[PDB]
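Protein chains in written order, with the working numbering: chain A, 9 to 259; chain C, 6 to 62; chain G, -9 to 50; chain H, 557 to 606; chain L, 44 to 124. In this text, a Cβ means the ideal position worked out from N, Cα and C, and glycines have one as well.
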RNA sequence: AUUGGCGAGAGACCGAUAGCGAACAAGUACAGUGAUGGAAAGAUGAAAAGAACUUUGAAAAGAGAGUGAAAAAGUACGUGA
RNA sequence: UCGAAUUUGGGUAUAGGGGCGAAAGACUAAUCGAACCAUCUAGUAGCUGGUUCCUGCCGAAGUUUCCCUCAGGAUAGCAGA
RNA sequence: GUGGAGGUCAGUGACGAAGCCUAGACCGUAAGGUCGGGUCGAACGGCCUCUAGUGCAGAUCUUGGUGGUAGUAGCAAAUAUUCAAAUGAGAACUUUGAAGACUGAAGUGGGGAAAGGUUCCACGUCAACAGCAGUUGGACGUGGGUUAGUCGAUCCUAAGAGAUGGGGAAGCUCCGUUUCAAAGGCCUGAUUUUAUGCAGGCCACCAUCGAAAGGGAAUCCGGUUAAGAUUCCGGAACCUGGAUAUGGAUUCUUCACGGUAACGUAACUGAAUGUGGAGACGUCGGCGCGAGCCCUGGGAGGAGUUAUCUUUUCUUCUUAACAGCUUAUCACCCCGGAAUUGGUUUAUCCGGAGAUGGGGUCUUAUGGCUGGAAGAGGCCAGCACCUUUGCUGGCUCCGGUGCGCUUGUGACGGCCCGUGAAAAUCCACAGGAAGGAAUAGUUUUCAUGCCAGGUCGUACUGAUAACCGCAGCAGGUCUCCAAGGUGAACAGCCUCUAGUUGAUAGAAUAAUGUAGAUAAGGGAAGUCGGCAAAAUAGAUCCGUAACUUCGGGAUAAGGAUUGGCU
RNA sequence: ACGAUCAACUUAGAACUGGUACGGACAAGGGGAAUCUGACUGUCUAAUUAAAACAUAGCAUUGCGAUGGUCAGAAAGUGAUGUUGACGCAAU
RNA sequence: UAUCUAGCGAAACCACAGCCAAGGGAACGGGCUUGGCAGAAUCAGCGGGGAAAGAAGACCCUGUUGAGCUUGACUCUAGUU
RNA sequence: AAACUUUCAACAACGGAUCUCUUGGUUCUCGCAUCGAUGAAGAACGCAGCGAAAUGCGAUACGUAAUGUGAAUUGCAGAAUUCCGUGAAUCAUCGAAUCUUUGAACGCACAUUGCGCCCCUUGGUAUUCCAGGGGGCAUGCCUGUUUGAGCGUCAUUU
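Here you go:
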């Protein structure tokens, strides 16, 4: 047999992402002294499109606390932040849309996004267009916070891990049906060459576990174990249950 | 050309007559070599590795 | 018109001419002759006659 | 090509220098074996392959 | 047509002149001479290519210096007149 | 110990389709983008004495003349199946 | 088919059990259901082809047995010396 | 019987060994042996033994050579050649002239990229190649030829490639590209001990390679050669780097004035350190404008036509870079304060967040005038009359038009789950370090002046002959400029400039073909099958069904008209 | 009420006329009733198959909250997704 | 185009070659046997035959020969738990 | 009967076999141990009066110097007492040199004949800019020198 399509995706070469037109790594500020003790005041100089990202970017300029320089930080925009708005990032900052507050300082039920997963990194949760996380609860004795993630999962993260207030903006994007294949082509022209995606069962048996046969059929159960080796994982991987849900499945 | 190759070879010892004779001999020898090469190549120069032969076999 | 060793450039050609022949040169143009050798067009100033200089060197 | 690297034009010049028949006076030497120039490259027949 | 038309299409050069060996075998994109291994320090020799060694071992060149060591050894590396 | 290097002495060895691939301007000419692949090709005569000169032809050459022991050795050259 | 999932140059990346594939086992230098080059390699064959002088004398077998044995062997037998 | 070895016959031989030829002879059943004749020119044989790379008809054997087929297949795409003279031994193919033609500006034209490598050009010249021929050639012999501060590489960075510090691997080497590193270079003015420490400050940056189509400092015309050219020559400019003198500019109010303002100028200090701009950017549509081309009138020359007609038909009348003044849609400023809402684009946008209006400011793409520059070039005339051919004359002027074509460009509009590079480099701005006061000086983003600008490429083809396809191959290979008519049209057909007239020809006109046509009556009965062919076809007008996702179907179907001239 | 001058092809209409011709060469759609099948535009077996095959938009399923999912490397302080974060990526 | 001429001029193939009928034969002869017959040298066509040419049949079988691919064959293995 | 076809001979062709040579190869034996950062092996480009190649050589370029021999080299030209001698030769030997651009390749690079930097020097009204000449600038590592860094640390000192 041959190395299958998903296998040879890890090697890179043609499958790397197309990063030419991107504005940079969209990340919050570094957790410095000012931002971890009080707050600092940036100005949203411009809001720009970023190829391959569904949400706009906000270029917030801050004064360097330790030199003359002005540092430009690229935030993921929040619905309602507009050019010329003053952004207050830090613990002492007040609770207004677009600001950056450590989760310890925001009351229960606050809606945040672009949440620092562990204090010190620069944003890791609720970053895609129109997504958000909900501050479920607080544990002040343990410096922990329960939050609800876009997937529906609860997570406990350090209450000193920051997150921007509001929603990621650019929402409702996936409701508009791409009609032309060219729409998807131009969508994935700026994303890592994932498309078009040849069905496995059309491939010949040397190319894919489903391939081959006088009829296009998988012939063996498509649910693949977690413990199956790489090159066997094609189809429904470690599936708990297949088929139509036919249930509420919660909201 | 105040001095020509004809003069620079007449000093060297090949007159015009001898130069013509020798050039004719060289031309003839080279043409004989080409004849021999064509003879010996024609037998096996047509041997193609992957000729497809539309009406296969 | 001179043949010039390929390692030479316009300044070295200018200095050599001013040295070997007591003449002043207006400008120097050079090319790599197709047989692999530098060829230099050395133009003297208006107060020297190349025709006199050439026959002084010894070629007519 | 029109824009040539200097190295390529050096090989160029080498071939032009080499492209000539035998010097005739060589044939008159004692124990002479050279009948003709056997390495006579020409542009119609064999490319320089550089 | 993968024959005559395709052969028309080729005008670039994968390989060019290697600096260490004069062979037109220096791969342009990989920047390595496929014959002599330049710029690797070790010249690319292999034991399966007995002919490849035979074409480039000592003795195929001028031996600008190694020719005379036998004389110098025969005389015992003397010095003077 | 030694199929490499340097210098020597030999053979119940091969004798130019043989013997190393190469007795020669052979790892040359040449093919391939490249790795690599890779030939063919020795002999006039003792000595060029390689045919002065005449003649037919536009010329190559031819016919005489001549050198040679021999052109039934004429640079296509020992023998010449 | 002809304004777009368009066409194309140049640069660049992916290299052989690997690449790449809008998926035909397609394309990967006229080579692809595993490229090209060299070496192991004079790979092995129960299979095919060939197997070079003369004369003289003797002169058969395709059967028994046993072999993953049935296009082949061992074994007796027939034959020569 | 063969190659070679030991022994022997004191073997044969330049008075001719070996070999080779020989419907000549002899011997053996045979393998073979012997002799004569011819050719030949330096070695060879018999016998007793030894030794083996030792005996050919085969192996689609290997190498080399040669046949019949056979003067046969054939040398038939790209419209097409013909006459005369010259040259020559020889002309269908060379040269000139004369015709007839084509490519027909998305050419057979004029340049380049990749590639080729001297094919470029001259003289000589035909052995071979030019699948005929050859005097001719991209062939053969010998030479000549490629001139750069401004055109490119060089410099920048792009997807990437790749050292160092590190870290893996037995190892060739692999990961990584600013990272768990003690990573250096700028401004100086300097100590005059000295090295490059420095007065010392600053910087914390992160090796390097990567584009001859991306970014980029600066050039044009005319002339010139056998072959060169934005490179040479004449003339005319600009840029960069560097010394720099003079003039101007600036001040005792030390580092300019004016305008309400947009902002103007010949200038008109300015470090560290930051900010900003340019570099820097999609695509389509229509609109405005410019350039070049196209069409056209007058007039100043030449040519053509002239039985007849034609105020005719063809042709020249051009202005480069660069510089001064001027010049613009957009944008902005001042006055003023709008409903009777107004201004306005082809396209609906704008106005109390200040419209219309009056008046100004700017960018100078761009055009105009002038300098360059008529002295050039062009077109004519006259006199010299081998002349570089010279000498001397004139004229080279004024307009018009447009959904014209190409291109540049401005302001807009549409599209995106696509919003369509980076860096070098240059500038400006904020700051106010430092420096300069009365001949005290500071500068020198102003004018003028001085010097230098290296290396490498530069010829030519770029294709039915210069590249790759075994070749002088109907194939393939990226791009720029693009006249007139018909016409919607860079469709098709004809022509202008330019270039070719190359592809073996001659004579006949059988069959079968290949390609192109037409066929009375019938109209798919042929055939697997309407395969192939034919029919319809452009434009204006009339008419247009089922079904439908309401968008289409649709040019449905189906009819009529079509010139010229006034 | 309104005068003078300059310049475009563009549409309609009417006569007259002709061997009733006139998109006069060139250029230049055959149409209708349906059925099978694939939505369509697009792509591939270079050199025997261009299709009903592939792709596609749409639909659905699965894994994963980074101490992760999928994948790569012999190893690494190694790497693709990832200049990413469930309106995402990955496998169908 | 074919055809004829001037010039130029190959390839496939070829055991020897080339008139039939029957017979027998490896069960379909050009040759063998018996008959029919049979007169030089040939040109343009022609497609009956030469079981015509092109390739050591790809269909099928055998091989104690493989390879692509699959699996719940046998035995292992990277990764992973 | 010619032509044609076939066989043979002679002569002439095509072809280069046979025979005879052999500055080559192969195999065996003996002896020796010597590459390179003092820049090797290898490569590119050039060098001759007249050479394309082979051979030789490196801008001192079929070579220079030294030593030996003792009159040539040779295809032509040229040189010709240069030859009873510090002296010809494509001689042999070889101990001094030259040794372009590269190459482990070494300032950085390279498909560039690209870009630096430092010292001495010379020219151009020049320490700074430009140009010519000369000499250098790799890495790992060792020993030593010099300058340093670290509350790692010892003592002294306010």
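Residue interval of the beta strand (DSSP E) (run including residue i)
{"i": "residue 107(A)", "result": "Where residue 107(A) is concerned, there is no enclosing beta strand (DSSP E), given that its DSSP letter is neither H nor E."}
{"i": "residue 6(A)", "result": "With chain A covering only 9 through 259, there is no way to say anything about residue 6(A)."}
{"i": "residue 54(A)", "result": "47 to 56"}
{"i": "residue 164(A)", "result": "162 to 166"}
{"i": "residue 170(A)", "result": "170 to 173"}
For residue j and residue i, the rounded distance between their alpha carbons
{"i": "residue 251(A)", "j": "residue 91(A)", "result": "47 Å"}
{"i": "residue 118(L)", "j": "residue 92(L)", "result": "38 Å"}
{"i": "residue 152(A)", "j": "residue 182(A)", "result": "34 Å"}
{"i": "residue 19(G)", "j": "residue 68(L)", "result": "36 Å"}
{"i": "residue 78(A)", "j": "residue 69(A)", "result": "6 Å"}
{"i": "residue 95(L)", "j": "residue 28(C)", "result": "39 Å"}
{"i": "residue 76(L)", "j": "residue 61(L)", "result": "6 Å"}
{"i": "residue 8(G)", "j": "residue 35(G)", "result": "11 Å"}
{"i": "residue 51(A)", "j": "residue 195(A)", "result": "31 Å"}
{"i": "residue 16(G)", "j": "residue 0(G)", "result": "12 Å"}
{"i": "residue 14(G)", "j": "residue 38(G)", "result": "8 Å"}
Residue range of the alpha helix (DSSP H) that includes residue i
{"i": "residue 10(C)", "result": "10 to 15"}
{"i": "residue 115(L)", "result": "112 to 117"}
{"i": "residue 120(L)", "result": "Careful: residue 120(L) lies outside any alpha helix (DSSP H) and carries neither H nor E."}
{"i": "residue 86(C)", "result": "Residue numbering for chain C in the displayed model covers 6 to 62; residue 86(C) lies beyond these limits and cannot be assessed."}
{"i": "residue 193(A)", "result": "189 to 196"}
{"i": "residue 44(G)", "result": "40 to 47"}
{"i": "residue 52(C)", "result": "No alpha helix (DSSP H) contains residue 52(C), which DSSP labels as neither H nor E."}
{"i": "residue 1(G)", "result": "0 to 10"}
Cβ-Cβ distance between residue i and residue j below 8 Å
{"i": "residue 33(A)", "j": "residue 65(A)", "result": "no"}
{"i": "residue 121(A)", "j": "residue 101(A)", "result": "no"}
{"i": "residue 168(L)", "j": "residue 54(L)", "result": "Residue 168(L) lies beyond the stretch modelled for chain L, which goes from 44 to 124, so this question has no answer here."}
{"i": "residue 578(H)", "j": "residue 15(C)", "result": "no"}
{"i": "residue 588(H)", "j": "residue 582(H)", "result": "yes"}
DSSP bridge partner residues for residue i (one or two, in chain order)
{"i": "residue 30(G)", "result": "-8(G), 20(G)"}
{"i": "residue 82(A)", "result": "67(A)"}
{"i": "residue 58(L)", "result": "70(L)"}
{"i": "residue 76(L)", "result": "69(L)"}
{"i": "residue 153(A)", "result": "146(A), 165(A)"}
{"i": "residue 121(A)", "result": "172(A)"}
**Study point:** Any 3 or more C-beta pairs closer than 8 Å across the region 37 to 48 of chain A and the region 68 to 86 of chain A
**Key:** Contact holds: three or more Cβ-Cβ distances are below 8 Å.
Review point. Is the region 47 to 61 of chain A close to the region 147 to 166 of chain A, with three or more CB pairs under 8 Å?
Key: no
Check your understanding: So, do the region 236 to 252 of chain A and the region 207 to 217 of chain A have three or more beta carbon pairs nearer to each other than 8 Å?
Key -> yes
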